[PDB]
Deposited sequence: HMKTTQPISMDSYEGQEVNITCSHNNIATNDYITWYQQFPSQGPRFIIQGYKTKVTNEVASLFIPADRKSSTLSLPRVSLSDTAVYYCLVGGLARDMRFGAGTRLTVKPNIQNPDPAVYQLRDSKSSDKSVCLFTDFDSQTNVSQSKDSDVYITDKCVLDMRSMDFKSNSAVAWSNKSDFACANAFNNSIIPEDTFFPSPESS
């Protein structure tokens, strides 16, 4: 019933406009949007009907044709990374869920400094872990490698990305050699 983009990308502090295609929309049909964080259920955000509506989390714009609709999130934060669903129907029975739009919110790091460090276990000195951290948000990532997560230290307003690689035997120099690690990268 509704067609929306499969996925989107955005940086923090940017207005994100997810446009829903709802052609063949009935006159009495209502427009609804949901926000589902991982492992949780969908959460209702905004509701509109032939009338652009603005709320606290977001604003919904409704063109007169009603052949389309657009959800606008202002000053998107890291916590806004979720799947956004577009639902159109008359009653509650008409609410069917789609694939949604997977929105990722990257952090804006003003001072990047890519580097790879080696961490050693507190229990035994045998095993070690490679840590590739402090890289910009545009770079992407018997050998195990984890996806990039972003950590926030609110006491200093400092955010940084990081990735973890271990081995079981292996050197941290060629740990992330399959990733496009920048030339400006420190090692010890």
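Visitor: What ranges of the deposited sequence, counted from 1, have no C-alpha atoms in this structure?
Guide: Several stretches lack coordinates - namely 1 to 2, 144 to 149, 178 to 179, 199 to 203, in sequence order.
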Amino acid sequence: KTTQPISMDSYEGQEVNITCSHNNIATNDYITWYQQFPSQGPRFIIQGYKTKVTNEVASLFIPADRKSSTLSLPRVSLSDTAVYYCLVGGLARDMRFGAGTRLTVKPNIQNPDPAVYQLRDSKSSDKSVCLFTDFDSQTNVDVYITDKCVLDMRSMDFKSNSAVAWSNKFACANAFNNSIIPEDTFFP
From here on, numbers count along this sequence of modelled residues.
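Visitor: Could you check which stretch, 177 to 185 or 1 to 9, carries the larger mean CA temperature factor in the entry?
Guide: Per the deposited B-factors, the answer is 177 to 185.
Visitor: Between 77 to 85 and 107 to 115, which has the higher average C-alpha B-factor in the PDB entry?
Guide: Stretch with the higher mean C-alpha B-factor: 107 to 115.
Visitor: Looking at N28, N161, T51, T146, which one carries the largest C-alpha B-factor according to the PDB entry?
Guide: Comparing C-alpha B-factors across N28, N161, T51, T146, the top value belongs to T51.
Visitor: Kindly indicate the residue among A58, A64, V150, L131 with the greatest C-alpha B-factor in the PDB record.
Guide: Comparing C-alpha B-factors across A58, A64, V150, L131, the top value belongs to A64.
Visitor: Please place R120 in the lowest, middle or highest third of its chain according to the CA B-factor in the PDB entry.
Guide: As the PDB entry reports it, the C-alpha B-factor of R120 lands in the middle third of its chain.
Visitor: Compared with the other modelled residues in the chain, in which third is the CA B-factor of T139?
Guide: As the PDB entry reports it, the C-alpha B-factor of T139 lands in the highest third of its chain.
Visitor: For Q35, does the deposited CA B-factor place it in the lowest, middle or highest third of the chain?
Guide: Lowest third.
Visitor: Report the third (lowest, middle or highest) to which the CA temperature factor of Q47 belongs, ranking only the modelled residues of the same chain.
Guide: Lowest third.
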